[PDB]
Amino acid sequence: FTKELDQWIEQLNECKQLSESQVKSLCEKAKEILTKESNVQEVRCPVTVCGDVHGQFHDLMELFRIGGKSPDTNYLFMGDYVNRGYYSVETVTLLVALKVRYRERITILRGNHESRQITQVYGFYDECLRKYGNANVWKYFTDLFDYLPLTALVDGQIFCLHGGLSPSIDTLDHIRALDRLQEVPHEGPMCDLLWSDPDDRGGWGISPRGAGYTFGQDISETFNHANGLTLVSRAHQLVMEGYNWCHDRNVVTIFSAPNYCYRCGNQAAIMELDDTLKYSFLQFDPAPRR
Amino acid sequence: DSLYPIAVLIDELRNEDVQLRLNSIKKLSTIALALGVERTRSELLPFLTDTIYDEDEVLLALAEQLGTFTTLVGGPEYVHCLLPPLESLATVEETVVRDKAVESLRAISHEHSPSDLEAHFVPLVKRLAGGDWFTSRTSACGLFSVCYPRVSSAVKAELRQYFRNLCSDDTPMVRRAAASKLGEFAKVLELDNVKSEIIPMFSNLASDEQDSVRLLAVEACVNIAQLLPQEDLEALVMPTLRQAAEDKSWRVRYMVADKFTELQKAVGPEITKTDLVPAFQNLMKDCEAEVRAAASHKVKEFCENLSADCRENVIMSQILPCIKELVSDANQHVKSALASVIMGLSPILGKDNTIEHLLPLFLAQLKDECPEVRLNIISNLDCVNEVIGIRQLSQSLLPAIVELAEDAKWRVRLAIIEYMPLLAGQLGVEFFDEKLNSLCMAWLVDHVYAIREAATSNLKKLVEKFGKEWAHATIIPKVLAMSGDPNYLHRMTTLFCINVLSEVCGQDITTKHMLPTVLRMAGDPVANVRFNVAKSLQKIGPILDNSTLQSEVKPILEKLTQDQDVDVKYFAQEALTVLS
Amino acid sequence: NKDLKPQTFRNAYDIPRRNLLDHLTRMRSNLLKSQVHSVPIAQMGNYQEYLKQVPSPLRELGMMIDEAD
Amino acid sequence: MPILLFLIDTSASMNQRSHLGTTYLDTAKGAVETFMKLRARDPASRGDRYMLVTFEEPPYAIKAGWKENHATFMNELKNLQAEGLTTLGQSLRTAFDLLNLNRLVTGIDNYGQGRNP
Amino acid sequence: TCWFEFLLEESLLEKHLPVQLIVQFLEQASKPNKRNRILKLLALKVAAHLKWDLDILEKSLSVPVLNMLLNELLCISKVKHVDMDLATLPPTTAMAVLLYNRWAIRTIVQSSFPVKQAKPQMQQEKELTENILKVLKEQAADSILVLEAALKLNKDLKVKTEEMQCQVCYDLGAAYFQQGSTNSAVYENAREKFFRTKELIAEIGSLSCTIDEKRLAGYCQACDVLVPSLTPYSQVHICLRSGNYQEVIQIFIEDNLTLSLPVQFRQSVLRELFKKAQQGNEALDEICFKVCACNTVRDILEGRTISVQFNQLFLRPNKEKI
Amino acid sequence: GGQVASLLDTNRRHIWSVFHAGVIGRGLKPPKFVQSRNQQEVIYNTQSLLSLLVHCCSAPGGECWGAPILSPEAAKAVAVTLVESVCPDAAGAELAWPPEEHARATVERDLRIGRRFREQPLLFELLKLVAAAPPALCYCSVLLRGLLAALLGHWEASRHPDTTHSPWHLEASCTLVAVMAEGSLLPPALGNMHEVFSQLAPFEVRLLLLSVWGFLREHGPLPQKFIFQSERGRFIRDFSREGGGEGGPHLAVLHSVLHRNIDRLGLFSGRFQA
Ligand SMILES: [Mn+2]
Ligand SMILES: [Mn+2]
């Protein structure tokens with residue numbers, strides 16, 4: 001009862017979307033898999049951490065050619081598998097299918113674009129509407145996004161989350177105690193958790209975006225010391241160099257989308273934690289297109 | 001009102017949200033099926049003819065639905081009644097709506113019978129051509145092609161005259177539409193009529209002050225470069241060809257250079273040589289990067305199709321100085337465009353000509369800053385190696401190749417990787433062993449996975465090519481050293497290497513070397529390693545000896561089946577089933 | 001030493017014993033023929049300056065901010 | 001052409017938290033940000049120039065004076081540390097002296113010649 | 001197909017592999033009339049296709065949709081139901097009124113139940129549900145009296161009177177049970193009604209109307225416990241109600257031997273006995289000590305901490321205590 | 001039962017390139033903490049400590065018959081020092097419970113209290129020791145409030161259909177409700193709801209605990225409400241005089257929860273009679 005899933009994975013690698021019934025079955029399986037995952041998903045140390053993809057499917061295949069094919073390479077995607085791209089549906093379907101097939105070998109965390117409103121505005125809803133002639137697939141996927149874990153925790157040291165920290169969150173136990181199965185609110189713990197950014201700042205600050213906060217170096221230092229974390233991996237912001245250390249090597253922003261709307265020209269990078277957390281960033285350029 | 005289904009139902013659906021209107025558009029077939037065909041046409045089509053204020057989305061679907069009326073309208077005697085509502089929608093200001101409209105119109109015109117097609121569509125063609133809205137004429141542009149191969153001679157000539165009158169329209173959108181649709185129109189028209197009607201005023205169109213109209217005129221020109229007889233082709237095309245090629249607008253010159261190869265192949269070798277050798281060199285010598293890049297792309301196709309008697313002379317005389325000046329161009333994109341097919345000329349030029357003129361250019365390309373240039377130039381070393389010989393290339397390009405193998409861009413590295421079987425076939429074992437073997441091993445530890453798998457496949461090629469004991473003396477110790485690596489990805493490279501080698505490494509060597517190495521790796525803490533070991537044993541299973549197969553593989557696979565991780569369980573079970 | 005920018009390659013006293021061998025290998029390999037990625041947050045995703053520095057390509061033929069307009 | 005001087009308290013008492021979870025200094029920075037946002041609604045706001053003074057020693061109290069662009073003001077405002085005394089009097093004197101720095105040289109105060117609104 | 005597609009073609013009813021069609025027709029009719037009548041007739045026909053499986057319609061279709069459907073059925077078929085009565089009427093009108101009253105009391109009972117929190121047009125639907133529930137609560141007594149009177153009569157696309165009577169008395173028992181939380185006489189009436197339901201089910205012995213057997217067994221157990229008019233748990237509850245506490249001790253010793261009763265129940269009865277002892281009779285000191293000793297011994301056998309009550313009860317120990 | 005060569009080997013491992021750019025933090029995490037002790041020894045150590053505490057708390061003397069009474073002063077002392085030890089007694093320390101909006105506004109302290117209760121099983125035993133004396137459990141209002149808020153958050157966040165997939169949280173909810181009943185902070189009807197927690201879905205038990213919170217908002221654990229019954233030298237909470245002591249809306253919620261799952265909860269219907 002798994003050969004069909006491997007066939008779907010093979011089909012998706014050629015960028016061929018599944019039918020509505022297939023997506024429904026996939027979402028059902030994924031929901032039955034994601035419910036058994038805590039908000040802070042523990043992850044074994046050998047894993048390739050990857051930032052945003054934003055539906056740039058050919059760039060996702062570029063990323064796979066860089067870091068290797070799953071399940072031979074463990075992966076960890078920190079949200080934003082949709083919007084700002086012409087192949088959001090294929091990207092999210094491939095990631096969810098990999099999650100269903102190889103749940104131990106891949107972890108997918110909720111992003112700030114994993115929301116009904118953001119998908120309605122920024123064109124994942126429109127892409128689903130065009131590619132399927134109705135909103136049923138969009139409904140199925142946005143229902144699944146409620147179940148994606150908020151954060152991860154690699155070997156109890158590296159803390160991977162899409163966004164930044166929150167003024168009301170200063171313990172991993174608080175994140176574990178959240179009720180993630182809901183829409184991203186306009187404020188509160190998980191909204192800040194998915195929307196916040198670091199900054200060359202002292203203390204907290206209202207984010208330039210419509211939600212979240214901006215936290216300075218001292219904030220990340222106190223959080224890291226209190227929670228016994230060495231690093232706070234993050235993926236919410238664009239990085240021209242592909243990756244960028246912040247706050248005296250306490251926070252690293254990883255962007256895994258070469259270009260961002262096929263116009264920014266930014267490089268991409270993915271962190272590669274080995275068997276002893278000896279990290280390494282593998283940068284790459286956008287793959288050639290027709 | 002409410003009793004009558006069609007009008008009330010469709011009006012209320014229109015009053016609903018737009019997606020429900022799209023659903024209604026697909027529902028149009030069902031209401032047609034339920035109601036009588038005469039009822040369908042006589043009632044619904046006048047309603048479809050007007051009162052449309054939904055330009056955004058539903059109009060393309062509506063045009064597509066109208067194009068689907070195979071039997072719902074009833075037949076050609078009613079398809080011509082189906083024609084006016086498409087005409088009403090053909091006047092829509094949105095461009096894509098008009099495109100789908102003319103598509104449906106062409107489909108139904110094909111569905112029409114001949115006499116019906118003329119007697120019904122020809123008045124519509126005149127009306128759209130004579131319409132006050134320029135949009136009607138732009139729509140009418142498409143339909144001039146479909147009527148011609150079935151209608152009579154007098155109506156054919158009238159249609160040609162109406163198209164020719166349309167080209168004189170003052171608004172430039174109409175002329176653009178006419179130019180774009182001119183290719184198929186002239187394609188289906190009769191050659192003498194093509195000449196007499198089109199070609200004077202087609203040349204007039206090519207001289208129009210609107211640059212976009214001139215781009216589409218160039219498109220038409222390259223389209224119609226094969227239907228005329230040779231002498232008339234010369235007298236009617238060459239003045240226009242040189243006029244377009246030396247046009248002020250850089251876009252026109254770019255378009256001329258873009259479509260050069262089929263223009264060249266269609267109008268004979270000697271004519272192209274004589275009256276395009278200055279223009280082509282001019283195109284590569286222009287002051288904008290776009291046309292230069294296009295011409296550089298088209299250089300190889302331009303050269304290869306010339307007459308062989310004087311091809312080398314014209315190449316070496318005109319093109320080579322231009323290419324030499326082009327390789328040093330400041331713009332990197334034109335260099336990348338040139339680098340794609342610059343070394344395709346080498347079989348054509350010859351051995352000595354390539355060694356003298358082209359080799360320093362190749363060396364310059366390999367040492368260029370732009371990685372796109374380096375990608376393009378490396379991509380076709382097969383032909384130059386075939387025509388120049390391994391000795392000259394090894395003396396000349398081998399250090400440059402080795403320097404390229406250390407490049408930052410992994411795509412460049414894998415481009416270099418793919419030729420190691422090729423170099424290996426044409427070169428002895430000793431020199432490769434003492435020059436490139438350690439370099440081949442260097443790729444195995446590379447960060448990028450594509451590099452590692454490419455090197456793995458190349459290792460397979462080398463072991464099947466350079467023998468078995470040589471691999472044991474050179475390759476196998478490095479693989480064993482890699483088996484002890486702390487990082488798991490290097491161990492996975494080792495397992496992939498075992499997979500590729502074991503097929504062509506011989507039974508005894510495979511067991512007595514790989515099996516102690518593969519079996520020890522089964523106790524690794526990382527689950528990735530364990531399931532890759534299971535997969536490797538499954539793959540290299542049938543190729544080794546049977547007693548060793550049972551006694552070694554079966555216990556450890558039994559161990560892996562009860563291992564806690566799910567993937568290890570699945571792959572171990574699969575391996576056991578495969579072995580049986 | 002706040003904002004010291006320890007020149008680890010240039011000075012051998014800035015190498016912690018914790019990671020002496022790894023930095024030794026890196027500086028050795030760098031020295032032969034064969035601090036970055038710590039840009040400030042403001043200059044981290046300013047694509048305008050990066051594109052202006054880079055060569056130009058071929059000429060052209062609810063919450064509020066979500067980057068890249 | 002008005003002047004907006006923000007005399008942000010940087011005494012260590014501004015590290016007190018509130019139900020927001022942020023310190024008082026954070027809420028002060030946010031108050032300045034929101035004041036700028038509300039001010040920008042008016043068309044006349046393009047002509048103002050902002051000034052920043054803190055409760056530090058005199059050589060470091062002023063960190064956005066005259067001839068300082070808006071970006072420098074924002075950068076200074078973000079990196080404020082509440083670590084001093086509540087030396088309100090001395091800092092207020094510094095702020096008033098900064099504002100009255102250029103009055104005499106341009107002679108805007110017509111001393112002994114009546115007051116000109 | 002869809003709402004408009006099915007209006008003209010009359011073949012999808014028997015072919016499709018239904019509730020979706022019902023809600024689509026209701027939504028189409030809800031938009032502010034031959035088409036409305038045709039849609040209502042189609043909705044009633046498809047509803048009858050399921051043989052009026054009121055559970056399926058209740059759970060799938062919303063509250064206002066089913067309310068409008070039942071009101072439309074009442075309007076087309078017939079027309080103070082309590083004053084109406086007249087069971088000797090056509091079977092269509094009789095079953096329509098019976099179904100409406102059954103739906104009324106079942107919706108009352110279901111709205112009494114709790115539902116999972118609404119984490120995220122829905123506001124208008126919620127307002128309509130609230131208004132319908134309020135007006136239904138207003139005339140609940142009339143509806144329940146009509147249903148009871150109809151159930152009393154036995155003078156019956158008509159169906160077997162036994163199944164209709166069993167279903168309506170089950171719904172009556174559920175309505176009384178919800179009503180009986182604040183009145184024990186209503187609980188007695190509910191017990192009588194559920195015993196009548198069980199007797200009817202036993203008599204007919206059917207296996208084809210749909211009654212939740214587990215729910216019926218639970219209702220029977222609850223009614224037996226509340227108003228008995230066997231198992232050691234029920235024996236302890238009865239003895240606590242009466243006051244035969246020595247029997248409670250003996251059952252507790254048997255429970256220590258068998259490990260049957262919940263630990264929570266034993267702690268709770270110990271707590272209430274301690275409350276009574278601290279309030280009233282002084283002879284309850286010894287009985288409280290005895291049951292506390294039983295609980296302590298069970299906790300020891302199961303491997304759990306010794307209670308504080310045992311510890312204070314073994315200060316100043318006596319010969320009889322040990 | 002509470003909870004809780006470098007350089008040379010590196011050269012051995014080290015082909016001539018670093019490959020990895022560095023080590024994230026201080027290398028690998030340790031082999032993690034482990035614990036093991038006989039549960040019988042834990043039980044009897046707790047028994048010894050609790051027996052000593054009961055001895056120290058119970059008043060001297062006397063008469064020839066009658067079990068002793070735990071002193072409310074000693075139990076109050078144990079309560080206040082428990083509050084000081086577990087939580088900082090920082091904010092919202094007044095005995096009157098606040099709205100649930102405050103429960104959502106102080107989730108960090110509630111989680112700290114919950115983690116302290118989870119790591120140290122001895123805390124519940126001391127809680128019921130305090131609850132043995134009626135007035136003293138009122139002073140643990142902050143502890144009970146925080147633990148209840150933590151459990152409410154857990155049950156809201158829970159996604160399992162059965163409540164037994166969360167063993168400690170189910171046991172903690174049952175123990176918490178039982179302890180509140182022992183100290184006469186709840187009526188007997190509310191006090192019996194822990195008997196049925198093991199059968200319900202998470203949202204139902206969350207609703208019951210929220211009903212407990214609402215009841216404690218209405219009445220409250222105020223020691224002045226405890227009337228000193230001089231007939232036996234003991235404080236007794238009178239709910240009949242309190243007005244709505246049976247908890248009308250709360251019993252309505254409990255009856256609705258029981259009625260929804262009547263198939264499994266029919267036998268338990270008698271535990272909540274008036
Ligand atoms: Mn993001
Ligand atoms: Mn993003």
# chains A, B, ... in the order shown; residues from 1 in each chain; ligands from 1

call {"tool": "residues_around", "arguments": {"residues": "residue 137 of chain F", "least_positions_apart": "3", "cutoff": "7 Å", "atoms": "only C-alpha atoms", "output": "MDAnalysis selection string"}}
result
chainID F and resid 79 130:131 134 140 183

call {"tool": "residues_around", "arguments": {"residues": "residue 122 of chain A", "least_positions_apart": "2", "cutoff": "10 Å", "atoms": "only C-alpha atoms", "output": "number ranges by chain"}}
result
A: 82-85, 113, 117-120, 124-127; C: 66

call {"tool": "write_last_selection", "arguments": {"atoms": "C-alpha atoms", "output": "PDB file, in the first residue's frame"}}
result
ATOM      1  CA  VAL A  82       3.811  28.349  -1.223  1.00  0.00           C
ATOM      2  CA  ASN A  83       3.190  31.799  -2.784  1.00  0.00           C
ATOM      3  CA  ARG A  84       5.623  34.072  -4.704  1.00  0.00           C
ATOM      4  CA  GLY A  85       6.185  31.267  -7.215  1.00  0.00           C
ATOM      5  CA  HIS A 113       2.562  31.887   4.418  1.00  0.00           C
ATOM      6  CA  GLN A 117      -5.460  34.740   4.320  1.00  0.00           C
ATOM      7  CA  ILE A 118      -1.891  34.828   2.990  1.00  0.00           C
ATOM      8  CA  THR A 119      -2.632  32.097   0.436  1.00  0.00           C
ATOM      9  CA  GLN A 120      -5.803  33.944  -0.630  1.00  0.00           C
ATOM     10  CA  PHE A 124      -1.405  30.175  -3.946  1.00  0.00           C
ATOM     11  CA  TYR A 125      -5.210  30.226  -3.995  1.00  0.00           C
ATOM     12  CA  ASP A 126      -5.149  31.567  -7.561  1.00  0.00           C
ATOM     13  CA  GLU A 127      -2.618  28.917  -8.616  1.00  0.00           C
TER      14      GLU A 127
ATOM     15  CA  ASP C  66       6.057  40.504   2.946  1.00  0.00           C
TER      16      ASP C  66
END

call {"tool": "residues_near_ligand", "arguments": {"ligand": "ligand 2", "cutoff": "7 Å", "atoms": "only C-alpha atoms and all ligand atoms", "output": "PyMOL selection string"}}
result
chain A and resi 52+54+80+236-237

call {"tool": "write_last_selection", "arguments": {"atoms": "C-alpha atoms", "output": "PDB file, in the first residue's frame"}}
result
ATOM      1  CA  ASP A  52      12.248  29.011   2.218  1.00  0.00           C
ATOM      2  CA  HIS A  54       8.189  29.617  -2.007  1.00  0.00           C
ATOM      3  CA  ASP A  80       7.072  28.968   3.039  1.00  0.00           C
ATOM      4  CA  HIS A 236      11.945  34.241   7.342  1.00  0.00           C
ATOM      5  CA  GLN A 237      14.091  36.864   5.573  1.00  0.00           C
TER       6      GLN A 237
END

call {"tool": "interface_residues", "arguments": {"of": "chain F", "to": "chain C", "cutoff": "10 Å", "atoms": "only C-alpha atoms", "output": "ChimeraX atom specification"}}
result
/F:6-8,10-11,14,16-23,26-27

call {"tool": "write_last_selection", "arguments": {"atoms": "N, CA, C and O atoms", "output": "compact mmCIF listing (two decimals), in the first residue's frame"}}
result
# COMPACT_ATOMS: atom_id res chain seq x y z
N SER F 6 41.20 15.45 23.38
CA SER F 6 40.45 16.16 22.35
C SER F 6 41.27 16.35 21.08
O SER F 6 40.90 15.87 20.00
N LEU F 7 42.40 17.06 21.19
CA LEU F 7 43.24 17.38 20.04
C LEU F 7 43.79 16.12 19.39
O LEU F 7 43.82 16.01 18.16
N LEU F 8 44.24 15.16 20.20
CA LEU F 8 44.85 13.94 19.67
C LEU F 8 43.83 13.12 18.88
O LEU F 8 44.11 12.70 17.75
N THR F 10 41.10 14.23 17.58
CA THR F 10 40.74 15.03 16.42
C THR F 10 41.75 14.83 15.29
O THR F 10 41.38 14.72 14.12
N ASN F 11 43.04 14.80 15.64
CA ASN F 11 44.07 14.52 14.64
C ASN F 11 43.93 13.10 14.10
O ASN F 11 44.21 12.86 12.92
N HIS F 14 41.10 13.18 11.46
CA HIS F 14 41.50 13.91 10.26
C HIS F 14 42.52 13.13 9.44
O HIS F 14 42.45 13.08 8.22
N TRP F 16 42.55 16.50 2.94
CA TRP F 16 43.33 17.65 3.38
C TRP F 16 42.54 18.95 3.33
O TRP F 16 43.13 20.03 3.28
N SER F 17 41.21 18.87 3.39
CA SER F 17 40.35 20.03 3.50
C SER F 17 39.37 19.82 4.65
O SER F 17 39.00 18.69 4.98
N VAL F 18 38.97 20.94 5.27
CA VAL F 18 38.12 20.89 6.45
C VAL F 18 36.73 20.35 6.14
O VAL F 18 36.07 19.80 7.03
N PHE F 19 36.26 20.54 4.90
CA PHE F 19 34.92 20.17 4.43
C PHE F 19 33.86 20.97 5.19
O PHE F 19 33.22 21.85 4.62
N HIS F 20 33.68 20.67 6.48
CA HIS F 20 32.73 21.41 7.30
C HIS F 20 33.33 22.74 7.73
O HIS F 20 34.52 22.83 8.05
N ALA F 21 32.50 23.78 7.71
CA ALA F 21 32.97 25.13 8.00
C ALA F 21 33.23 25.36 9.48
O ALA F 21 33.91 26.33 9.84
N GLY F 22 32.72 24.50 10.35
CA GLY F 22 32.93 24.66 11.77
C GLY F 22 31.95 23.80 12.54
O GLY F 22 31.10 23.12 11.97
N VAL F 23 32.08 23.86 13.86
CA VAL F 23 31.22 23.12 14.78
C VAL F 23 30.20 24.08 15.36
O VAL F 23 30.56 25.13 15.90
N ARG F 26 29.00 24.08 21.22
CA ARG F 26 29.98 23.25 21.90
C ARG F 26 29.84 21.77 21.53
O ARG F 26 29.76 20.91 22.39
N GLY F 27 29.82 21.48 20.22
CA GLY F 27 29.81 20.11 19.75
C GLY F 27 28.53 19.36 20.11
O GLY F 27 27.45 19.94 20.27

call {"tool": "atom_distance", "arguments": {"atom1": "atom CA of residue 1 of chain B", "atom2": "atom CA of residue 71 of chain B"}}
result
27.2 Å

call {"tool": "interface_residues", "arguments": {"of": "chain B", "to": "chain C", "cutoff": "8 Å", "atoms": "only C-alpha atoms", "output": "number ranges by chain"}}
result
B: 289-290, 333

call {"tool": "write_last_selection", "arguments": {"atoms": "N, CA, C and O atoms", "output": "compact mmCIF listing (two decimals), in the first residue's frame"}}
result
# COMPACT_ATOMS: atom_id res chain seq x y z
N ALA B 289 24.07 44.51 -27.12
CA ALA B 289 24.39 43.13 -26.77
C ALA B 289 23.35 42.13 -27.26
O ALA B 289 23.68 40.96 -27.45
N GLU B 290 22.09 42.55 -27.43
CA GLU B 290 21.02 41.61 -27.75
C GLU B 290 21.24 40.97 -29.12
O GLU B 290 21.24 39.73 -29.25
N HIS B 333 27.31 38.38 -21.26
CA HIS B 333 26.24 37.58 -21.85
C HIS B 333 26.52 37.22 -23.30
O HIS B 333 26.21 36.10 -23.73

call {"tool": "residues_near_ligand", "arguments": {"ligand": "ligand 1", "cutoff": "12 Å", "atoms": "only C-alpha atoms and all ligand atoms", "output": "MDAnalysis selection string"}}
result
(chainID A and resid 51:54 77:84 109:115 118 161:164 191:197 209 211:212 234:238 253:257 260) or (chainID C and resid 65:68)

call {"tool": "residues_around", "arguments": {"residues": "segment 254-270 of chain F", "least_positions_apart": "5", "cutoff": "6 Å", "atoms": "only C-alpha atoms", "output": "PyMOL selection string"}}
result
chain E and resi 113+214-215+218-219+221-222+225-226

call {"tool": "interface_residues", "arguments": {"of": "chain A", "to": "chain F", "cutoff": "9 Å", "atoms": "only C-alpha atoms", "output": "PyMOL selection string"}}
result
chain A and resi 35-36+45+155-158+168-171+173-174+177-181+229-231+272-281

call {"tool": "write_last_selection", "arguments": {"atoms": "C-alpha atoms", "output": "compact mmCIF listing (two decimals), in the first residue's frame"}}
result
# COMPACT_ATOMS: atom_id res chain seq x y z
CA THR A 35 -0.97 14.80 14.64
CA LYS A 36 1.64 12.59 16.35
CA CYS A 45 21.52 15.48 14.48
CA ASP A 155 19.95 17.40 18.95
CA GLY A 156 18.70 19.69 21.75
CA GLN A 157 21.05 22.48 20.61
CA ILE A 158 19.90 23.89 17.26
CA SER A 168 5.61 36.26 25.64
CA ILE A 169 7.68 33.18 24.71
CA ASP A 170 10.90 32.52 26.61
CA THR A 171 10.81 28.72 27.06
CA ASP A 173 7.88 24.35 27.14
CA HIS A 174 5.69 27.33 26.24
CA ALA A 177 2.10 23.97 25.15
CA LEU A 178 0.68 25.96 22.23
CA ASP A 179 -2.40 24.85 20.29
CA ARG A 180 -1.00 24.94 16.76
CA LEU A 181 -4.11 23.45 15.08
CA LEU A 229 20.44 26.44 22.89
CA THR A 230 23.61 27.17 20.96
CA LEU A 231 21.95 28.47 17.79
CA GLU A 272 24.28 20.68 6.54
CA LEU A 273 24.55 19.33 10.09
CA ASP A 274 26.67 16.17 10.10
CA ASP A 275 26.83 13.35 12.67
CA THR A 276 28.54 15.64 15.25
CA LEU A 277 26.85 19.01 14.45
CA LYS A 278 29.90 20.14 12.46
CA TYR A 279 27.85 22.53 10.33
CA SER A 280 28.48 23.49 6.70
CA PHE A 281 26.59 25.80 4.33

call {"tool": "residues_around", "arguments": {"residues": "residue 2 of chain F", "least_positions_apart": "4", "cutoff": "7 Å", "atoms": "only C-alpha atoms", "output": "VMD selection string"}}
result
chain F and resid 119 to 121

call {"tool": "write_last_selection", "arguments": {"atoms": "C-alpha atoms", "output": "mmCIF file, in the first residue's frame"}}
result
data_model
loop_
_atom_site.group_PDB
_atom_site.id
_atom_site.type_symbol
_atom_site.label_atom_id
_atom_site.label_comp_id
_atom_site.auth_asym_id
_atom_site.auth_seq_id
_atom_site.Cartn_x
_atom_site.Cartn_y
_atom_site.Cartn_z
ATOM 1 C CA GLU F 119 8.866 16.452 38.073
ATOM 2 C CA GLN F 120 8.060 16.118 41.795
ATOM 3 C CA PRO F 121 5.188 13.729 42.654
#

call {"tool": "residues_around", "arguments": {"residues": "segment 164-166 of chain E", "least_positions_apart": "4", "cutoff": "9 Å", "atoms": "only C-alpha atoms", "output": "PyMOL selection string"}}
result
chain E and resi 95+98+150-152+154+159-160+170-171+196-198+200-201+209+211

call {"tool": "interface_residues", "arguments": {"of": "chain D", "to": "chain C", "cutoff": "12 Å", "atoms": "only C-alpha atoms", "output": "ChimeraX atom specification"}}
result
/D:71,74-75

call {"tool": "atom_distance", "arguments": {"atom1": "atom CA of residue 143 of chain A", "atom2": "atom CA of residue 27 of chain A"}}
result
8.5 Å

call {"tool": "interface_residues", "arguments": {"of": "chain D", "to": "chain F", "cutoff": "12 Å", "atoms": "only C-alpha atoms", "output": "list in words"}}
result
residues 18, 19, 20 and 21 of chain D

call {"tool": "interface_residues", "arguments": {"of": "chain A", "to": "chain D", "cutoff": "8 Å", "atoms": "only C-alpha atoms", "output": "PyMOL selection string"}}
result
chain A and resi 167-168+200-206

call {"tool": "write_last_selection", "arguments": {"atoms": "C-alpha atoms", "output": "tab-separated table (two decimals), in the first residue's frame"}}
result
chain	number	residue	atom	x	y	z
A	167	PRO	CA	8.08	38.67	24.03
A	168	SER	CA	5.61	36.26	25.64
A	200	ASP	CA	20.75	45.13	15.06
A	201	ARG	CA	18.74	46.41	17.99
A	202	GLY	CA	18.54	46.52	21.76
A	203	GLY	CA	15.46	44.84	23.19
A	204	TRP	CA	12.15	44.43	21.40
A	205	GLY	CA	10.50	46.47	18.67
A	206	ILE	CA	7.45	46.58	16.41

call {"tool": "residues_around", "arguments": {"residues": "segment 395-402 of chain B", "least_positions_apart": "2", "cutoff": "10 Å", "atoms": "only C-alpha atoms", "output": "PyMOL selection string"}}
result
chain B and resi 355+359-360+362-364+366-367+378+390-393+404-407+413+416+435-436+439

call {"tool": "decode", "arguments": {"residues": "segment 84-89 of chain F", "atoms": "N, CA and C atoms", "output": "PDB file, in the first residue's frame"}}
result
ATOM      1  N   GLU F  84       5.464  29.406  48.370  1.00  0.00           N
ATOM      2  CA  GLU F  84       6.747  30.095  48.220  1.00  0.00           C
ATOM      3  C   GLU F  84       7.758  29.246  47.457  1.00  0.00           C
ATOM      4  N   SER F  85       7.806  27.943  47.743  1.00  0.00           N
ATOM      5  CA  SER F  85       8.797  27.074  47.114  1.00  0.00           C
ATOM      6  C   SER F  85       8.514  26.860  45.632  1.00  0.00           C
ATOM      7  N   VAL F  86       7.269  26.526  45.283  1.00  0.00           N
ATOM      8  CA  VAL F  86       6.964  26.113  43.912  1.00  0.00           C
ATOM      9  C   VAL F  86       7.038  27.296  42.955  1.00  0.00           C
ATOM     10  N   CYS F  87       6.192  28.289  43.169  1.00  0.00           N
ATOM     11  CA  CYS F  87       6.101  29.488  42.358  1.00  0.00           C
ATOM     12  C   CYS F  87       6.655  30.682  43.138  1.00  0.00           C
ATOM     13  N   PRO F  88       6.913  31.823  42.486  1.00  0.00           N
ATOM     14  CA  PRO F  88       7.432  32.962  43.251  1.00  0.00           C
ATOM     15  C   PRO F  88       6.383  33.735  44.031  1.00  0.00           C
ATOM     16  N   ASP F  89       5.108  33.324  43.975  1.00  0.00           N
ATOM     17  CA  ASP F  89       3.991  34.032  44.616  1.00  0.00           C
ATOM     18  C   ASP F  89       3.918  35.484  44.130  1.00  0.00           C
TER      19      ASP F  89
END
